[PDB]
2 protein chains.
Amino acid sequence: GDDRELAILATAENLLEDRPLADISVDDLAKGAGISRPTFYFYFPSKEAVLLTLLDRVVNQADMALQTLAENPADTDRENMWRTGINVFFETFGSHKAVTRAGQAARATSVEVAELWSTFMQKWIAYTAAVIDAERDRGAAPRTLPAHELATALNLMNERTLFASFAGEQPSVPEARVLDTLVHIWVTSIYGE
Amino acid sequence: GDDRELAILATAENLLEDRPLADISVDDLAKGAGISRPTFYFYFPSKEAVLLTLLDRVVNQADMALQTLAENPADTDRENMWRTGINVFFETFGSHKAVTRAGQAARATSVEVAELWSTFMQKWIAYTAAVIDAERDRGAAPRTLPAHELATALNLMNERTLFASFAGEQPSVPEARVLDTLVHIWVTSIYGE
Ligand SMILES: O=C(CC[C@H]1CCOC1)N1CCCC1
Ligand SMILES: O=C(CC[C@H]1CCOC1)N1CCCC1
């Protein structure tokens with residue numbers, strides 16, 4: 001039951017490494033999971049629903065990892081604190097490049113994918129703005145831009161730059177350089193007067 | 001001749017304000033430009049080709065405006081210099097939101113659109129990195145990240161943040177706040193040690 005479901009998810013993640021959602025059939029997903037086509041339809045209404053679940057799992061893994069960090073502050077300076085936080089996204093989505101890529105393409109077509117992404121983006125920007133505000137209240141960061149607008153641009157930067165690096169787009173920051181590049185911009189723009 | 005072509009371009013830009021490329025037909029473009037369907041095909045091979053031309057004109061208008069600026073340095077401090085430069089993109093693409101939006105959607109499907117965007121992105125990042133390097137050589141900016149990697153992330157930020165503001169995405173920086181937000185991040189990340 002849960003195993004047929006996991007099998008179908010594992011198949012879809014594997015096939016998405018080699019071709020886009022468009023070039024993958026329900027029959028393809030069913031064959032790789034070792035079930036028939038009508039059995040597939042019992043677990044998922046469509047291949048698009050399979051992607052939505054895969055994306056949902058990846059987004060929540062990142063979200064849970066960031067909640068863990070939040071509850072367990074690393075004992076280090078502020079630059080390393082922000083690095084650990086962006087690193088949750090670098091590692092989680094970078095461990096699932098095929099779902100990340102397909103998920104991002106699906107935002108244009110699936111209101112469900114668009115809404116899932118928008119909900120968690122709002123959550124991560126609000127957390128980012130809360131930390132900036134705490135830093136300002138403690139006197140560690142200067143009161144420059146509206147924290148929530150600063151947070152929005154910096155999370156949008158990370159979305160676009162990480163995902164270009166992972167896809168090897170032209171142009172992109174090499175993946176072995178993207179964490180340091182983003183940490184620099186976050187730290188200078190948050191602490192710089 | 002050039003007028004039928006301009007008519008078709010003007011129609012397509014007008015229709016793109018109200019619905020996406022998918023929901024617009026060749027017959028729709030032909031009717032609005034006051035020509036028949038086979039006459040349309042004489043000027044453009046497809047509605048996708050019409051979008052490519054519209055995007056091409058918008059990208060080159062921005063590129064030419066930025067070349068003008070480059071050749072005619074504004075007499076003001078460095079923060080206002082970067083503001084004038086990002087402002088070329090804020091005004092040019094913000095004056096053509098429907099083409100911007102459709103152009104960005106078309107990157108997923110049209111290799112021509114993808115290649116046009118990637119070529120000019122490379123050009124603007126190289127110009128951005130050249131200015132940062134000049135600033136470092138004159139001693140006005142510190143030698144922190146690789147200028148070209150810094151330039152790449154900051155231009156990717158502007159692409160994603162401007163285009164979210166213009167589309168009124170959730171989340172986004174309000175359009176009346178996006179120029180100040182981006183100038184802050186560029187200035188702190190370029191000059192900050
Ligand atoms: O890198 C980040 C988030 C950055 C972390 C760093 C501390 O707060 C959020 N994102 C990319 C995908 C969406 C958000
Ligand atoms: O804002 C910018 C470019 C910023 C200017 C500012 C000085 O050099 C480039 N872009 C958004 C669309 C692509 C690039």
Side-chain angles (χ1 to χ4, degrees), chain A residues 1 3 5-30 32-65 88-121 159-160 162-170 172 175 178, chain B residues 20-25 46-48 51-52 102-115 117-118:
Chain A
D3 293 357
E5 201 174 318
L6 287 168
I8 287 176
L9 289 168
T11 298
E13 185 153 19
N14 294 332
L15 299 179
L16 281 168
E17 266 126 61
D18 297 317
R19 32 195 226 265
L21 196 59
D23 299 355
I24 299 171
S25 62
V26 170
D27 280 342
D28 286 330
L29 295 178
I35 55 181
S36 67
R37 169 179 172 93
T39 289
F40 169 91
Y41 284 122
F42 181 77
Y43 290 104
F44 297 90
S46 62
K47 73 203 192 174
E48 291 83 11
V50 173
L51 177 57
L52 171 61
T53 300
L54 284 163
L55 183 63
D56 185 79
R57 295 156 72 65
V58 176
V59 157
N60 282 276
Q61 191 184 334
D63 192 55
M64 295 179 279
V88 165
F89 294 79
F90 177 73
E91 291 289 335
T92 304
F93 285 95
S95 296
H96 294 96
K97 289 185 187 187
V99 168
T100 299
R101 173 185 304 116
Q104 303 304 303
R107 283 168 75 181
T109 53
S110 165
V111 312
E112 286 87 355
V113 165
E115 285 178 350
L116 172 59
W117 191 259
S118 163
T119 298
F120 276 90
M121 283 301 285
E159 176 196 304
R160 188 54 182 105
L162 284 171
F163 299 167
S165 292
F166 294 163
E169 295 187 3
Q170 210 168 330
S172 61
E175 179 173 340
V178 69
Chain B
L21 196 59
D23 299 355
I24 299 171
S25 62
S46 62
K47 73 203 192 174
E48 291 83 11
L51 177 57
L52 171 61
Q104 303 304 303
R107 283 168 75 181
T109 53
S110 165
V111 312
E112 286 87 355
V113 165
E115 285 178 350
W117 191 259
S118 163

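Quick note on labels: first sequence line is chain A, next is B, and so on, each numbered from 1.
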What's the separation between atom [atom1] in [X] and atom [atom2] in [Y], rounded to the nearest 0.5 Å?
X: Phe163(A); Y: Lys97(A); atom1: CZ; atom2: NZ; answer: 12.0 Å
X: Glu5(A); Y: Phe42(A); atom1: CD; atom2: CZ; answer: 9.5 Å
X: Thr11(A); Y: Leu16(A); atom1: OG1; atom2: CG; answer: 10.5 Å
X: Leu29(A); Y: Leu15(A); atom1: CG; atom2: CG; answer: 6.0 Å
X: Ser46(A); Y: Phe40(A); atom1: OG; atom2: CZ; answer: 6.5 Å

Looking at side-chain heavy atoms only, is the closest gap between [X] and [Y] below 4.5 Å?
X: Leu162(A); Y: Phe93(A); result: no
X: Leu9(A); Y: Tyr43(A); result: no
X: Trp117(A); Y: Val59(A); result: yes

- request: Establish, from distance only, whether the side-chain atoms of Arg107(A) and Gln104(A) form a donor-acceptor pair under 3.5 Å.
  value: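 Yes, side-chain donor-acceptor contact under 3.5 Å.
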
Minimum heavy-atom separation for [X] and [Y], please, with both atom names.
X: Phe89(A); Y: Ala62(A); result: CE2-CB, 4.0 Å
X: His96(A); Y: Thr92(A); result: ND1-O, 3.3 Å
X: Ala164(A); Y: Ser172(A); result: O-CB, 3.5 Å

All N/O donor-acceptor pairs, side-chain side in residues 48-57 of chain A, below 3.5 Å, sequence neighbours left out:
{"unit_1": "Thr53(A)", "atom_1": "OG1", "unit_2": "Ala49(A)", "atom_2": "O", "d": "3.2"}
{"unit_1": "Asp56(A)", "atom_1": "OD1", "unit_2": "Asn60(A)", "atom_2": "ND2", "d": "3.4"}

Residue list, side chain to side chain donor-acceptor pair (under 3.5 Å) with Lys47(B), at least two apart or on another chain: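 For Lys47(B), no residue satisfies side chain to side chain donor-acceptor pair (under 3.5 Å) once neighbours in sequence are set aside.
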
field: Check against side-chain contact (heavy atoms from CB on, under 4.5 Å), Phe44(A) and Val26(A)
entry: CA-CA 10 Å; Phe44(A) 297 90; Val26(A) 170; over 6 Å; no

message: Suppose the criterion is salt bridge (charged side-chain N to carboxylate O under 4.0 Å, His left out): which pairs have a residue in residues 6-21 of chain A, not counting sequence neighbours?
response: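 Sorted result for residues 6-21 of chain A: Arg19(A)-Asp28(A).
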
